[PDB]
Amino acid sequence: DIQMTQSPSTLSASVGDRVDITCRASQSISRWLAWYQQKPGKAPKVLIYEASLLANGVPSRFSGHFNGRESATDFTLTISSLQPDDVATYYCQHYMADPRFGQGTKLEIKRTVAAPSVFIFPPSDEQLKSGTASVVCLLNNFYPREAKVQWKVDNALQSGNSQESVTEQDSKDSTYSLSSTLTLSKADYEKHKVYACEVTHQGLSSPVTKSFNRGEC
């Protein structure tokens, strides 16, 4: 088969920047190359086919390039000036023989530092009837993605009983959000009083703590 190798694995650029992504076929594929954009949770959307022809609806900032020869193996996708909605993974695909895709390039947007807004949520009474308590710490609309979130219960540092999830980069403001979820037994939750999440992030001059006291108005 004919194999496709894409470069780079990941690319970070700011809004307005020029972007180039490349693809190499293991042997000549002439102009039989397509480029796709994929957003998380969605099907790929074709951008370019026949190596340089834009598909309907595709904005003019996208273009495709190669040497114009039947022996071609090397292809480039260019975004002339990056827009916030361009955050996505991009794939090449040949159709010179059995279709094969490249491994993808994840395009991330660089933007100005934004500190998280931090919120904390106690477990619901409904959940406590089941024997478990989840405490949730939300870090909303921040940049860059790296953040540290530490849990304390009656000011004792917790380890091993929390999990994090981070959203896809937002296609309008290029920020991330993050949840940290602390799981306790009902007994452990009822026995302690103060629940705190401590957040460290580039945009915060010092770490922020959000806390609540079990059973407070």
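The numbering used is simple: start at 1 and walk along the sequence shown.
Out of 31 to 39 and 53 to 61, which stretch has the higher average CA B-factor listed in the record?
Result: 53 to 61.
Would you determine, from the values in the PDB entry, which of 110 to 118 and 87 to 95 has the greater average C-alpha temperature factor?
Comparing 87 to 95 with 110 to 118, the higher average CA B-factor belongs to 110 to 118.
Looking at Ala147, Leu138, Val135, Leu77, which has the highest Cα B-factor in the entry?
That would be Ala147.
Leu204's Cα B-factor: lowest, middle or highest third of the chain?
It belongs to the highest third of the chain when residues are ordered by C-alpha B-factor.
How does the C-alpha B factor of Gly102 compare with the rest of the chain: lowest, middle or highest third?
Lowest third - that is where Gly102 ends up once the chain's C-alpha B-factors are sorted.
According to the PDB entry, is the CA B factor of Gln169 in the bottom, middle or top third of its chain, that is, lowest, middle or highest?
Middle third by C-alpha B-factor.
When the modelled residues of the chain are sorted by Cα temperature factor, does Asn155 land in the lowest, middle or highest third?
According to the entry, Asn155 has a C-alpha B-factor in the chain's middle third.
Split the chain's modelled residues into thirds by Cα B-factor; is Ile48 in the lowest, middle or highest one?
According to the entry, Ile48 has a C-alpha B-factor in the chain's lowest third.
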